Amino acid sequence: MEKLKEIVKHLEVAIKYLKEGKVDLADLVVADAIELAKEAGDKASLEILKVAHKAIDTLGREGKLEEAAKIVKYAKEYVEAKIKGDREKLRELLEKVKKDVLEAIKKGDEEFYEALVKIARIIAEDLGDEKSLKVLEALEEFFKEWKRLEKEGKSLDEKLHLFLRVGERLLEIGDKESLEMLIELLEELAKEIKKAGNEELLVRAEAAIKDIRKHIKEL
Ligand SMILES: [Zn+2]
Ligand SMILES: [Zn+2]
């Protein structure tokens, strides 16, 4: 503490300012917290505060003021779970950050997602976890290729192959919370495919869906 408690207090001020409209003062407050963090030799709180600052910039200045307070709260809780020497709270922080990553992927927000995955990487390369760092790469690849195939005009078979590729990777990793979102997205894709006249591509989707559901049940 000392400097780290000052950082936490400034983060409380920034969240108070964000929950009432003022985006410009919260940015300055987080900049002050970053200047304090450059004086405490941590290199793991400085990065998370820089992520919070850029989150203010991108999310807060535009219409989303409820997804910048989330980033600042995650940064504050990471810092305050470092002035208590707790590694059993960092894991729950990782769990909450990963659940919002999955919700961001499901919704479609690309500005929330980058901040959340940056925070998750910072937490997980500080917790000695690699079953939560391989899922991060799998979800990174899935989100990017999904954004491309939705920008361009590639066929339904390419989208199905993307879904099956990431499903097999997540099954080989064993994550279950990252596979229910994939099942939901595959159900949406199957709804779109059945709408189309194409056959022999819906039986494959249904079989994949059933196999992933059974493996989720077993997992
Ligand atoms: Zn600034
Ligand atoms: Zn094919």
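Residues numbered from 1 in each chain as written, not as in the entry; some residues may be left out. Chains lettered and ligands numbered in written order. Heavy atoms only, no water.

- What the entry reports as its method is cryo-EM, with 3.06 Å given for the resolution.

- As recorded in the PDB entry, the chain goes by Cage-t32-Zn1-HEHE-34 and comes from Escherichia coli.

### A short note on unusual backbone geometry
Now for step 1: One non-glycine residue with positive phi stands out, namely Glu2, at about 80°.
Now for step 2: Tracing the backbone through its elements, the reader meets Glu2 in the segment before α1 (3–18).
Now for step 3: Here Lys43, not a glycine, exhibits a phi torsion of approximately 65°, which is positive.
Now for step 4: Secondary-structure assignment places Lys43 in the loop between α2 (23–37) and α3 (45–61). (Helix = DSSP H or I, 4+ residues; strand = E, 2+ residues; numbered from the N terminus.)

### Remarks on α1
Now for step 1: Along its 16 residues, α1 runs 23 Å from first to last C-alpha, staying within 8% of the 22 Å computed at 1.5 Å per residue.
Now for step 2: Packed against the buried residues of α1 are α2, α3 and α4 (69–80). (Expected span 1.5 Å × (residues − 1). Contact = heavy atoms within 4.5 Å.)

### Re the coordination of the zinc ion (ligand 2)
Now for step 1: Within the first shell, the zinc ion (ligand 2) binds the protein through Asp157 (OD) and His161 (NE2), at distances of 2.0 to 2.1 Å. Here the residue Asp157 and the residue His161 both occupy positions in helix α8 (residues 156–173), the gap between them amounting to four residues, near one helical turn.
Now for step 2: Residue class for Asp157 comes out partly exposed when judged on its relative accessible area of 27%.
Now for step 3: For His161, a relative accessible area of 37% translates into the label partly exposed. (Donors = N, O, S within 2.8 Å, 3.2 Å for Na, K, Ca; no water. Buried < 20%, exposed > 50% of the residue type's maximum accessible area, 1.4 Å probe, protein only.)

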